[PDB]
Structure formats: structure tokens, C-alpha cells
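Quick note: numbers below take in every heavy atom, side chains included, and nothing from hydrogens, waters or symmetry partners. The first residue in the sequence is number 1, and the count goes up from there.
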Amino acid sequence: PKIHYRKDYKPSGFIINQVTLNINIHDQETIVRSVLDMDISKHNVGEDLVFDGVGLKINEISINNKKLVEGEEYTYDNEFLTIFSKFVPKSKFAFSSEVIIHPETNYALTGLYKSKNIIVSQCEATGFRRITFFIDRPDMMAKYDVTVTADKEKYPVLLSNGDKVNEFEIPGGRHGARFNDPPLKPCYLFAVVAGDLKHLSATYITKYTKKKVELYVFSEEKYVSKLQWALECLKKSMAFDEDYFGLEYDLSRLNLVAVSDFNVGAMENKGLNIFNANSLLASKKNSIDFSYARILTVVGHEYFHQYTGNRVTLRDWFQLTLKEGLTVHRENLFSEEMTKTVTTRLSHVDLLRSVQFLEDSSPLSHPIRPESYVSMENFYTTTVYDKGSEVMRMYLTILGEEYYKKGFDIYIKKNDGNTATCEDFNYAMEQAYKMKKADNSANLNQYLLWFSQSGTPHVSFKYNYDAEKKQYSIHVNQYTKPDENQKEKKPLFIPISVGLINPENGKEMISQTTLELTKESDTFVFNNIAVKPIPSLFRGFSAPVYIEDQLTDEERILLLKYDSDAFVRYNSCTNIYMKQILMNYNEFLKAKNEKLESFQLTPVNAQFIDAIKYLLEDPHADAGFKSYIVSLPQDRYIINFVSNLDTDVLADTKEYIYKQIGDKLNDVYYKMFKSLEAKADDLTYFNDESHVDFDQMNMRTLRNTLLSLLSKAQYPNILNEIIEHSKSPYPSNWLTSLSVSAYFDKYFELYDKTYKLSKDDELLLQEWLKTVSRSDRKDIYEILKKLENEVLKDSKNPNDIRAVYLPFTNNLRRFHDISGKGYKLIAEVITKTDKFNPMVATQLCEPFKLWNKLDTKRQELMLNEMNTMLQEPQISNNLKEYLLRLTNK
Ligand SMILES: N[C@@H](c1ccc(-n2cccn2)cc1)P(=O)(O)O
Ligand SMILES: [Mg+2]
Ligand SMILES: [Mg+2]
Ligand SMILES: [Zn+2]
């Protein structure tokens, strides 16, 4: 396998000026004719002409309308087409070809493929070379003129980029459309779609130039009534970019299309965005509440790529974080503004500190700009997207809104063009930084280490208060553990948003202040501090770091009650739980290792329980926040703090802490679950397709969280509540009724009732599968085998496969069964999936990422399964490279 290095970037010695495509789709094959108008670039050194082209069946190739001869003038090995230089012209010339491809049997979902009755393309990153020959790298910009033909009855709707310029009838029941897209684009932004598509549409009038933009959202006919929310999300997304960034859509039309079979969430092809149906379609009757935030963020994300990816483009794939990290940052600012709930930011932090921190301390650790790759298929990671987004968000923290907006406008003005690199972005923020400091010596040079250095920095704190002097000092230290990418880790530029809270009255003692930590350690001193403060550190989670606050639980409890920053309040509560978790885990571990006949456990801090009750009982406090404070930190967050983690000991620890708190608060939880009903489940706008109330949904989250706590505890007669909840019209409630009934004899009665409610909507059936998979059932292995035989069968839909298996892999007791049977089962699924879809096979490897963090026995069980998968003779390149890197071999 060839390793591509970032240091090795060089421009092509060719240019492709114009692509003219004819894509003729037939029952058993698709014929693709392509003419490329080419030139020799100024970098050319007389080399062979080499096209990417994977799995293509050549009918013929030509230069300037003369057929080329296989063997004597060119070789093709199913990956590269090599035309020997003696036969390549030295001025403007035309290369043509006709190849045959087979979208019907393309089950890897990359290139051109069939999803149910829709034909659709997926070109990022290197899928265009599965459609026709090309120099398939993002710096090859060309013009595109595309014609598609197909059977009119099967494929009445034909779409590709640009203007539809001609439509025409073809003998034998066929038809055609031609689309011309004159502005230059990279080939990974080409798209085509054909199908019996239905739609909703609206007209949006831009803010400044008042251009009419037509918006179309498409699906298969069955689900067209689930498109309205997506259309509202698109309007909101355009308004946002207009209001916050001053940016208007440049084209006359934007199409959104939902497909059933898709590897990720969606894709930003220019004016033709294609989506996983689960991230475009929703209704109140047939979707859980999560689908509403999901569609808003995914529609938003692909819209924002129209500037950050599509008009300012990447030179090479190493700069991927520049388009993805920045688009995620734009997406998160939009979500925050649209939902107006504090749990939106908290949920982004929850994701980074569980999943991304785990990745960053694993053998897979990489900086947000890597120095090498082998498979572009495995490069689209939480580190590139989500830590990339936190790095892009730190510029805004450092500069503030006014100067951030100035530096961004600087980057967009200069590079609307025009490929760019991460240094160009940094340069633009620097110019805003010079202007902010009003000092032109000031620079962001050290900031660049955020792109190049891998691993999570640890940031720790000591304090001093001199009561006579009224002088308060915060001593800060940063450290990043050496790893495979850097032996010596340099200090980063770490912005620490802070407040100082008066412990007597809960008030702020200082204005907004962001500490700029630029050295291994520094001491920040504040004068005129009248009383000893509690420091509120990393407000908003202002850098992607392990925060070691060194506060007492009494201080943490005070922040949790009285601080103004949601993240700090949640983090204080998190740190109280972690102190408790590590304590009880070591007490359980000692008792198991020493085989003790009796031992003691440290109870949960009583004043922390009192503070939870105080917050729950506060009718003005936020319900979404309340659901965060009654839940323990995620297992994948906990694992970052324990060596050789025994998952059974952690399951017993979590069980003890939940029971400790429930034994004090279950009456309070019951009362709230009942008093929340009226507002949480209010049906007033149930038939209003466009009315989405994020606060109401967070009330439902809370009720569903409290119901789960009450069921685990077997609170008296709670089954009555579960059975009533199953009759709710909201799928969030009735699916919740299924999972909490796991602890009762009614489980299979609700399994059947909710299957029946779910079975006729393809997405809602996928949510039912996830609910079953995640159910806390002792017979969960037999239940999985039942879903396999009855519901999943041999589905190659990645949504179906992921729904049956991924939630189960989070079942701490059972997936991690000491016999290794769970690791066995997931490995069998990965290998089976790898036969047809290597990308999804790699996604199904996710539970294995923490393998070297677990206890001795479990490390060995997981390594065994990874080595077994690695030894499969038919392993894909993608799965092989991933598992070799994961197992350090
Ligand atoms: N850029 C989009 C996308 C689509 C597909 C893939 N993909 C990566 C490997 C194979 N397909 C990557 C990104 P997005 O960030 O999902 O908007
Ligand atoms: Mg083929
Ligand atoms: Mg299906
Ligand atoms: Zn993206």
C-alpha cells in the first residue's frame, strides 16, 4: 500500500480544462462517455499521462479522435491508466473514453450507485475515478457539461450540477437532460441523481442583491411528506450565513436529495447536496426528537460548505480540516443560535471528550492536519472534524465576534478563488489579531502547532489568595504526553476564558477575561479581589484540553449552583462524579483482586446530592441541563482516566453511584416525571410540520432520563407509568417505553407493540432497531439473533447494519462479556460487511479503538479478534490499513 506524504505535494504536469460527460443508464449497465479537453502545464517534464480509474471496463480510449492500443500505447491495471508519453501531445489536446460501470451491484456506495430505486453518485474523496478516468485530486479544476439519459418511467427526474439546459426524448421509452456548469470545480464536487423523485420547494430572496433562489428538497414518493423540516432548515441556514457572515448564496437553485443507502450523513456537491435519508427526513409521527436537531445540523453543515469547501477550495487532502473543521465550527454556531438551549454546546463538548479524546490517546492518534495517509476512506475522523472545529472555534474566542468576523472576511475575500492551506487561514486570523492588539509585531505563529501536534493537552491549576493584599493568583501548567507523532511536545497557544465567583453571594468579580497561556506555565495575578474567589475555568470549554481544576467538591458544588457559565457548571458536576467514580472503582477492584469477604464503599457526597435536588426542584432551571446532571459521565470519557480498565468493575461502580443517589432522590425524580408531563407532551403543534420547540424536546429528554432511572431502581408501581408512556404519540416516548421495560416482564409485549408502530416507516424501523440493540436485557444475545433472522436478514443498507450492532457495543456488561463472545460477534459482522462496503466495515470497528485501555484479559480477547480479521484473505485495503494502525503492527 502506497503512503502519501504531505511534504511531497507537487502540481500535476497536466491541466484539464473541460469535461463533457454522457452518462447513459441501462437496466444491466451504465455506459459513460467522457471527453476531456486537456493541456500540458508549466510543470510538465515529458512524463507519462496517468489517469485514476478504479473498476472501469474500457470499451475504448482515444487522443484527438484516434483510438489508442492496449499494451503498445497504454496499460490499465484496474486502478491506473498509463498512456506512455511518446503518445501524449505537447499542446492542447482531447482525451476521450467510453467505459462501462454497474451502479446496480455497487454496494460500497462510492462512485455511481443504486439506492433502492434511485441512482446517485458519491465522489468525495476519490469516488469520481469509479465513474470515469480522471486526475482525481482536488486541485484539478475544470468546467463540466453533463448529459444523462435513462428510462423515463423508472427515472423521470434527472439532476446534476449547474443549469439544466436541454431535455429530450429518446426512442425506446428513454429521455435525456443536459446540464452545463461553467464555473470551475474539483471533481469530488460533481454529482448526478436519477429517480422517480417527489419534492417540496420554496423561493428564497437573498438579503443584499435580492436574487431569487429556488430551493428543492427531494425524496422517494413514499416519504415526500417528511421533507418540510429540511426545507425550513435550509432557509434558516441561508439566513444565518447572511446574518452572521454577510454571505449570500451565489446560484439560482439549490437541490437537497434524500437517499436510503449512504455511508455518512451527507455531501456538499455544488447546488446538488445528497443526504442520508436519516439526516433529511422527519415527521412528528414517525421520528424521534433527535432527528430534528440532526437534520438542522446536517442541512446547515452542507449549506455552509458552499463557501468553506466549494468557493474556497482545498489544494490537497491534507488540508481537509480547513474545510471540515471550519464547516463544523460554522454548523455549531448556527445550531447554537437556532436551538437557543445550553445543551447544544454541552452536547458538542460531550462528543469531543468521549469519542475524540479516546481517539487522541489511541494508536490511531493524529494531528488535525496529518503528515501522511494511505486510505482517504479512513481520513474523515472526529479528530479532523471535531477537534478541527474546536481549533477553528478558538480563533473566535481569542479575537471576539467583531475581529473574528473581520479575519474570516479577510480569508474569504482573498481566497474566493482559489485553493488554500491551513496557513492561509492562520494568516487571515493573524491580520485580525494584529488589528485587535493594535500591535503589528503580534503574531499567531505558535497557533500553527494546533494543526501539527497530536494528543490532548492537559492543563492544571494551583491558586493563591492574599487576604491582606486583596491579590489572587492562578498558577497554570500545560503538558501534552509524547506519542508516535512527536517525541517532544511544544507548549500550545491556549486561551482560557475565566470568571471569578464570590462564594458568599454567587456574583462575578471580574469582567470577561481570556488568559492567553503561551508557555509551559504562567502565573496570572489579579488585584483588588475583595474576597477569596472560586475560579470558573475554561468557560464555554474554551480549549480542547483535559482540565484539572484542583478544586474541592465544596467549591465544585458552589460553581454547580451559582456559576453563570453552563459548561463550567456541567464540568464541575462531571469532576465531582469522576472523583467518586475513581474512588469506588479502586475499592471494588481491591475487593475483587483480594477476594475480600467484606469491605467498605465510600458513599456519594451528601451535599452534592443536596445540590442536585436543589437544581431539579428549581422551576426556573433548564430541563436539558437537569438531564445532564443526573447522568454519570459517558463510559468512553471515564476510560481516559483509568488504566487497565475492568469493565465489570466499572459497571458495578456506576451501579453503586446511581443507587446511592436514587435512594435519596427517587421521590423527587417521580414527582418531576409526573409534573413535566403537561408541557413535555403537549400536542398543540403536533400537526404543525414546521413548529419545532427545542425546549419542549429537552423536557421530554428529562422525563425519559428520569423514567429510565426510576425503572432501573424498580420504583414502586413504575410499570404503570411505563405502560401509559407506551401510548404516547411521540416516538421518543414510546421507544423509551420499550427500553425501560427491559427490567419488567412486559418487555416482549412492548417489543411487539412498538415493532408494529415502526415497521412501515424505514427510518422509524431503524430507530426501533437501535432501541432493541441498546436494551438492558440479560437475554440480549438471543434478542440480537432474533433481529438478525426476523428484521435485518441480509440487508446491505448501512443504516440497518449500524442500528442493529453499534448501540449493543455500548452495553458495558454484556458487549464486554469476559468470554469474548461480544468481540467475536462484532468481528464476524465487520468481516461480512467488508465483502461489500469497506467504509462501513471500518466504522463497525469503533468499539475496538479502546482495546489497549482495558484489563489484561479483555485486551487479549480484542487483539485476538483484530488479528483474526487481519488474517482474512479477502480483507479490503481500507479495513486492513485501519486495523494495522490500530493494533500497532
Ligand atoms: N464532506 C462530506 C463528505 C461526504 C463523504 C465522505 N467520504 C469520505 C470517505 C468516503 N466518503 C466525506 C465527506 P461531509 O463532511 O459529510 O459534509
Ligand atoms: Mg466495474
Ligand atoms: Mg430498506
Ligand atoms: Zn463537511
Side-chain angles (χ1 to χ4, degrees), residues 573-574 576-577 580-581 583-585 587-588 600-617 623-635 638 647-677 680-681 699-711 713-726 728 732-751 771-772 774-777 779-780 807 810-814:
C573 178
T574 297
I576 292 164
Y577 277 131
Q580 182 76 29
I581 288 155
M583 182 170 336
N584 292 150
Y585 174 93
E587 293 165 340
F588 277 117
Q600 284 154 240
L601 289 165
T602 296
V604 168
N605 180 308
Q607 285 54 72
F608 168 59
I609 290 163
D610 286 339
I612 296 161
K613 184 181 174 273
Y614 170 101
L615 295 177
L616 298 174
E617 285 176 347
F625 182 79
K626 291 180 199 197
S627 68
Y628 273 67
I629 69 169
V630 306
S631 320
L632 256 63
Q634 287 271 330
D635 289 342
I638 296 163
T647 50
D648 288 310
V649 176
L650 175 63
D652 292 341
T653 303
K654 289 183 20 199
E655 173 191 66
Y656 172 74
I657 292 171
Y658 275 122
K659 174 108 196 334
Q660 281 270 298
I661 297 170
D663 280 348
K664 301 210 195 172
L665 302 185
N666 279 338
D667 291 337
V668 162
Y669 294 168
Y670 179 77
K671 178 176 197 223
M672 285 168 73
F673 171 86
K674 304 296 288 172
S675 66
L676 286 167
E677 175 161 13
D681 287 351
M699 304 172 191
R700 292 203 281 271
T701 298
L702 179 57
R703 282 189 88 231
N704 286 333
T705 300
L706 301 184
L707 189 59
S708 182
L709 297 173
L710 292 162
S711 318
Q714 304 288 275
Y715 186 79
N717 293 111
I718 198 69
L719 183 59
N720 291 151
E721 266 83 13
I722 295 169
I723 296 308
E724 287 308 296
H725 210 56
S726 83
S728 181
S732 285
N733 295 334
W734 56 260
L735 287 175
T736 295
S737 90
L738 177 51
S739 54
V740 300
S741 80
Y743 309 107
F744 296 86
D745 70 328
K746 295 279 207 202
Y747 177 86
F748 290 122
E749 171 190 310
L750 293 189
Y751 175 109
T771 303
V772 179
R774 186 179 63 244
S775 273
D776 187 16
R777 283 299 290 187
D779 53 354
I780 190 70
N810 300 110
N811 176 326
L812 189 69
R813 290 207 195 263
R814 298 278 131 62

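Residue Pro633 comes nearest to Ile581 through the heavy atom pair CD-CD1, 3.8 Å, listed as atom of the first residue, atom of the second, then distance. Nearest approach of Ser775 to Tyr747, heavy atoms of both residues: OG-OH, 3.0 Å. The minimum heavy-atom distance between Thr771 and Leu735, with the atom names listed, is CG2-O, 3.3 Å. Here the closest non-hydrogen pair linking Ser631 and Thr705 is OG-CG2, 4.0 Å. What you find for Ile780 and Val772 is that their closest heavy atoms are CD1-O, 3.6 Å. Of all heavy-atom pairs between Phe744 and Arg777, the closest is O-NH1, 4.0 Å.
Panel note: side chain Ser728, backbone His725; no donor-acceptor pair is recorded below 3.5 Å. Formation of a donor-acceptor pair under 3.5 Å by the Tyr577 side chain with backbone atoms of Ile629 is found in this model. Side-chain atoms of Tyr670 never come within 3.5 Å of backbone atoms of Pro716 as a donor-acceptor pair (strictly under, hydrogens ignored). The backbone N or O of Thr602 lies less than 3.5 Å from a partner atom in the side chain of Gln580, making a donor-acceptor pair. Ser627 places a side-chain N or O within 3.5 Å of a backbone atom of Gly624 that can act as its donor or acceptor partner.
Between atom CD1 of residue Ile718 and atom CD of residue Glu721 there is a gap of 4.5 Å, rounded to the nearest 0.5 Å. Interatomic distance, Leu676 CG to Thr701 OG1, rounded to the nearest 0.5 Å: 11.0 Å. Put simply, CD1 on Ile657 and CG on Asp652 are 11.0 Å apart, with the number rounded to the nearest 0.5 Å. Atom OG1 in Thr647 sits 10.5 Å away from atom NZ in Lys654 (nearest 0.5 Å). Between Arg703 atom CZ and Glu677 atom CD the span is 4.5 Å, to the nearest 0.5 Å. Note: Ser726 OG to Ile722 CD1 = 9.5 Å, rounded to the nearest 0.5 Å.
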* side-chain contact (heavy atoms from CB on, under 4.5 Å) assessment of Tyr715 paired with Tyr669 -> CA-CA 10 Å; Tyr715 186 79; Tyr669 294 168; over 6 Å; no

* To do: Evaluate side-chain contact (heavy atoms from CB on, under 4.5 Å) for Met672 paired with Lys626, printing each intermediate quantity in order.
  => CA-CA 11 Å; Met672 285 168 73; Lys626 291 180 199 197; 3.9 Å; yes

* side-chain contact (heavy atoms from CB on, under 4.5 Å) evaluation trace for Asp681 with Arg700 -> CA-CA 7 Å; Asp681 287 351; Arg700 292 203 281 271; 3.5 Å; yes

* Starting from the C-alpha separation in whole Å, work towards a yes-or-no answer on side-chain contact (heavy atoms from CB on, under 4.5 Å) for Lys613 and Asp610. => CA-CA 5 Å; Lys613 184 181 174 273; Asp610 286 339; 5.6 Å; no

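Salt bridge annotation for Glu617-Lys671: absent, with no cationic side-chain nitrogen under 4.0 angstrom from a carboxylate oxygen. With respect to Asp776 and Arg813, no salt bridge is recorded, no charged nitrogen being found less than 4.0 Å from a carboxylate O.
A donor-acceptor contact closer than 3.5 angstrom links the side chains of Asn704 and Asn733.
No more than 12 heavy atoms of other residues, nucleotides or ligands shown are found within 6.0 angstrom of CG on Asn717.
Applying the side-chain hydrogen bond (donor to acceptor under 3.5 Å, both in side chains) test to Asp648 and every residue at least two apart in sequence or in another chain returns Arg858. Evaluation of the salt bridge (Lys or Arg N to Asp or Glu O under 4.0 Å) rule for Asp663 yields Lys659 as partners, not counting sequence neighbours.
Applying the salt bridge (charged side-chain N to carboxylate O under 4.0 Å, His left out) rule to pairs touching residues 732-748 yields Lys746-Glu749, sequence neighbours excluded.
Within the 4.5 Å cutoff, the side chain of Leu709 has no heavy atoms near those of the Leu665 side chain.
Close placement of the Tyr751 and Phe748 rings is indicated, their centers lying within 6.0 Å of each other.
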